[PDB]
C-alpha cells in the first residue's frame, strides 16, 4: 500500500484499488473506502440483480425484451441489430457485460425496478455504499460530493465476493455470471495485461472517454485454490484512455506480486 501511492502520482487524479483474498483475509489497496464513479462497472451488480430475480422465480433468462429505435444509444453493438424484434434477458446480460452494450443495460434496468431497485438490491445483500441513480449515458456524470452512480473499491470488491463466490445466487447463476466475466472482451489492455500467468481472469471495465477508467476482476488460480478479488478505479486522471489503461495494467502487476 505504498506502490499504489507512487503509481497514483503517475496517473494524476484519484486511484482506488482493493485487492482482497476472502479465504485468508489478506487485503491490499489504496483509498479503498473513497467514492469513485462506477461508469460501466455498474453493469456487474446489474447482471447479478437480474440473476437474483431469476433465481427467485420473478424473472426468466429466456423471456424476451422488445428493442425499438429509441432504445439505441452509442456503443450498443449487439442491441442495434435487433431493432423491431426482441432479445432474451440472458443475451442482454451477456451483451452488456462482455462488450459493454450500453442500450442492453438500459433495457435490463426496468426489469429490476430501475437504478433505485438496483440500489435496493445492493443494500439487501450488504452493500450500503454503492448508489445507482441513473441509466446510460448520464450515469457517467460525476462530481465530488455527489454520490450518484458511485461506489468504493472495497464495496465493489465485496460485491464480486457476494455474487461470484458467495451464496447470493444459485450455483448455475453464479457460474454463468463468472463465465460472462471470463468472456469479457474489453479488458485485454487493462488488468489482464499486467496480471501474471497461471490465473484465470474475469472482469468488467468502464470509461468516460476523457479522464476515468475502471476495471474490477476476479482472479482464479489455474493450479486450484481460493480466488482473489481486485477492484480498480481511476478518476480524474490526466492520461487519456491508453494512458489510463497503462495504469490499470500496472495495478495488475502490483497485485500479481502479492498473490
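Residue numbers count along the first chain shown, from 1.
Mean C-alpha B-factor comparison - 36 to 44 and 216 to 224, higher one: Between 216 to 224 and 36 to 44, it is 216 to 224.
Greater mean Cα temperature factor according to the PDB record, 164 to 172 or 177 to 185: The recorded data point to 164 to 172.
Deposited CA B-factor, highest of 88, 125, 135, 76: If I rank 88, 125, 135, 76 by C-alpha B-factor, first place goes to 135.
Peak C-alpha temperature factor (PDB record), options 229, 66, 234, 191: By C-alpha B-factor in the record, 66 ranks first.
Entry-reported Cα temperature factor of residue 117, expressed as the chain third it lands in: Middle third.
Record-listed C-alpha B factor of residue 202: chain third: Within its chain, residue 202 is a lowest-third residue by C-alpha B-factor, going by the deposited values.
Lowest, middle or highest third - CA B-factor, residue 141: According to the entry, residue 141 has a C-alpha B-factor in the chain's middle third.
Residue 23 - Cα temperature factor, lowest/middle/highest third of chain: Its C-alpha B-factor belongs to the highest third of this chain's values.
Third assignment of residue 110 from its chain's C-alpha B-factors: According to the entry, residue 110 has a C-alpha B-factor in the chain's highest third.
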